[PDB]
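Okay, here we've got a single chain as structure tokens, the form deposited in one PDB entry, with questions on binding and movement later.
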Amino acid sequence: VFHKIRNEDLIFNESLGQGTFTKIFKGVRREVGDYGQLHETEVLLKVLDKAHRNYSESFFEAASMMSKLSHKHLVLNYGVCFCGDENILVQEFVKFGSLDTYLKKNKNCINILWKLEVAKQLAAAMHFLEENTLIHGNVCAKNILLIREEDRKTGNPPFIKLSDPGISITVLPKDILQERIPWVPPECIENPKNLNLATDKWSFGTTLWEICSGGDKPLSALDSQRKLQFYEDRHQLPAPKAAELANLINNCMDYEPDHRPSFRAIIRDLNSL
């Protein structure tokens, strides 16, 4: 599965900032629907950096994976454009953007039932991938996207969706993998080729730390080299100020790779609170 979209059917509107070796843009895809009616659609346009064109293989292996999947809490991928010289991904556009900047903007206005439901939606998608023995590899708060904000008056919850895996950590330089600590599991630092279903659970715990602290970045004050010793010393994550979900964060972030519980178990612990 690898749909192709013509460059003449994609318009580029506003930029949305840089990213992990990519550049983000809002745009419109003009497609022809039934009865001969053109059907414009707001889309997300993820352009790979031309300077890093060597990562085009994993850049497209990420799109081929998400185009095969249909889940409520997964960002849909419409296709791929070879728009001129650049390689571009076309995805479902979410209105409210990244979750990490949403937690930081409304840090004191986010109830704990809000964070609990968001964690349920994220754990739902991770259970779907685990059920279908699929590995994500880049589960972080910056990749989580909010399509609907909380509306207690209507009774509908907030709605989050996880984006594409992006560039796999197996092909990233050792310089860049150490700077991703503690999102990269400890076993992947000593051996980048140890990608596993258990590696996502570690990132799920690190992401649960982000939402529980309100957008704060763990180990941000530490440089790349001190992060490397953080793992060798077997240090655990300092519990956030709220200190609610911190008990579950420690279980998901266990240094033994096979001790990480399944997401069917995690879904139970979130409903038991």
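From 1 onward, residues are counted along the sequence shown. For clarity, a rigid core is taken as the largest C-alpha set superposing within 1.5 Å between two forms.
Between the stretches 99 to 107 and 151 to 159, it is 151 to 159 that shows the larger average CA temperature factor. Comparing 229 to 237 with 65 to 73, the stretch with the higher mean C-alpha B-factor in the PDB entry is 229 to 237. In this entry, the residue among 57, 244, 49, 216 with the greatest C-alpha B factor is 244. Residue-level inspection of the entry shows that, of 201, 180, 115, 193, 193 has the top Cα B-factor.
When all modelled residues of the chain are sorted by CA temperature factor, residue 84 is found within the middle third.
Per the deposited record, the Cα B-factor of residue 120 falls in the lowest third when ranked against the other modelled residues of its chain. Sort the chain's modelled residues by C-alpha temperature factor and residue 138 lands in the lowest third, per the entry. Ranked by Cα temperature factor within the chain, residue 42 sits in the middle third according to the deposited record. For residue 131, the recorded CA temperature factor ranks within the middle third of the chain's modelled residues.
The protein also exists as the form deposited in another entry; that form is not presented, and the subsequent description refers to it.
Fitting the two forms on the rigid core leaves the C-alpha of residue 40 displaced by at least 2 angstroms between the shown form and the other one.
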